[PDB]
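A single chain comes next, written as structure tokens; it is the form deposited in one PDB entry.
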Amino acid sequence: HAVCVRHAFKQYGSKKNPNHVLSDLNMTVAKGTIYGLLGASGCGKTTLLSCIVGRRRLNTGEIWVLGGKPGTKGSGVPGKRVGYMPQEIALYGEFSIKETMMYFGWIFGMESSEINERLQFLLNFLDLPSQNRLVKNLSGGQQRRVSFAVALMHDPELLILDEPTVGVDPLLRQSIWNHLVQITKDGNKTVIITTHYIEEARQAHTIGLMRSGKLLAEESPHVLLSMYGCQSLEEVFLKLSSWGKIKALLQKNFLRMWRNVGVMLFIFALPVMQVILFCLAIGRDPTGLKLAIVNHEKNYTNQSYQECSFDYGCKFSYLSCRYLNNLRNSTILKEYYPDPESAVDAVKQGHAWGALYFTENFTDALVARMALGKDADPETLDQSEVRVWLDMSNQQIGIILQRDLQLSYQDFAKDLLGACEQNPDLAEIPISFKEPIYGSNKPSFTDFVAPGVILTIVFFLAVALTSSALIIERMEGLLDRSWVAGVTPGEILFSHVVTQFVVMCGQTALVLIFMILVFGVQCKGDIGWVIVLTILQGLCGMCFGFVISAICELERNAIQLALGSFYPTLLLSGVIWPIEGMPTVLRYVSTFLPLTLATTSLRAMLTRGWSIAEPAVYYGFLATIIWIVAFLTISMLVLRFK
């Protein structure tokens, strides 16, 4: 007595439009026979098979398969005692036939020495191509044969085949049926084959016709035909009235992505190129700025030559070419125009960014202004000044232009006095800036954004990898087939965490090497805690993949949910702008985001060298741990009623 079912009541719905998928069902599968299930649709048989295996549960009734209640103690139905061929092809792509057979043998605890014998026997018997050909390269009919061979490997004592012969050649169908009737010859082997084709299940010892969630009849085909008088079976149906399984999953995980060139480029080559582009374009100071200089103290020759010469010692010859020599050569390029009304016309168009317009009386008026004091007449206060018309449409370019012009005057003022034996401190504003406590006097914007780029890449490259992996595998029936083989959900998750941990360590090493060793981003603090924080953000992002994959069943739905929170989090975590710019109400809400307090903590360890003991540093560690726990709890709650 292999399988016994009594009063199996099962239904679907929410007490609004309920569906009675199952009804009062009594079914017995005698041991050592071939049992055929010939239901009309493909839902009742599938539900019954799932309940028999253990992947589903009843509402009322009992099931007694191979000795005990399915999925629990007292029996080994989920494991190496059963053979399950799913309705759909639940094979792994980018796998050779030999690799798939070896993987499934390892899952069942078989020895690798005896796997070769079964592989050769099944290749000869099922008429399959060379073992080195990948599964994805096979046709749609050979994949079913590979699935049948996988289900027939370990010689189980109960075979559950779901339409094993859909489009098999008759010369092979006869051989398959001969093998099936040969293995179940005075032995413990039992077959429970479900099919839609009525005429193909005549060789079964016992036939059970299913309709409206219950078995119409269950007898031998010969008795079924004789007691009703029908010629064929078509007329009869016209009734108007743990170590070893983890190593198997680790190899599969590290080989599924190795054979996908697109996956490797997306998760290993994209962070590297993004880091290179960010360090070469964002945060650098402008360099090719142009100015329209009008110098009326000298003759006009070209738009690129002026012949600005003077004396360096004393006597204050020109004091207009002398100032231009103190201009920063790196950022500002000088262009010469003849008239003040012509340089402004160049600024109006795109030919320049500003105008200077030194007057012809600049030298005589300037020397008469610093040598007079507070009694200077208004006339000398006008002729001794530089008139700058600036294009302030750009905020960042305007800041450099204003800063470079004023800074060059401080050097010019400190050069005039000092060359005449004076005190250079006399040309200083009373507001004196001492040595900065943190940083330097010339900070860079690329150093402010770099901590926000490291954490963003690692966080969002784990959401995409985890959500895609757990959705494709589940929707293709692979997770359900690798559970029947005895792989508990505990080791499915454990093997995924280890696989994701390794790839998030390789990404962290590549990002940190290309950012600090190359392009010279400063790291004042401890590098050990930087690595730990970066890894911790990867696990937080990975835990977000669990929530997304447990909510969305379709791939396209998950990406919208993942992309629908990627953009808002970037604009609220203070990655590209200081967090002090937002309103006070919006500032409080943003501190509770997953990436806000972690970015600030990482920015302090890189720009200031703060240790773990500082309150602003370990707040980023506690914020991630809370979000990791919160993400895990949400996923469990979602799976409770789904």
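Don't overthink the numbering: it's just position in the shown sequence, from 1. Rigid core: the largest C-alpha set superposing within 1.5 Å between the two forms.
In what follows, reference is made to the form deposited in another entry, a form of this protein that is not presented.
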Flagged residue of 579, 593, 58, 604 - C-alpha shift reaching 2 Å or more between this form and the one not shown, core superposed: 58
Once the core is aligned, please say if the CA of residue 11 is shifted by at least 2 angstroms between this form and the one not shown. yes
Core superposed first: is there a CA shift of 2 Å or greater at residue 368 between this form and the one not shown? no
Indicate whether residue 628 shows a C-alpha shift of 2 Å or more between this form and the one not shown, with the rigid core used for the fit. no
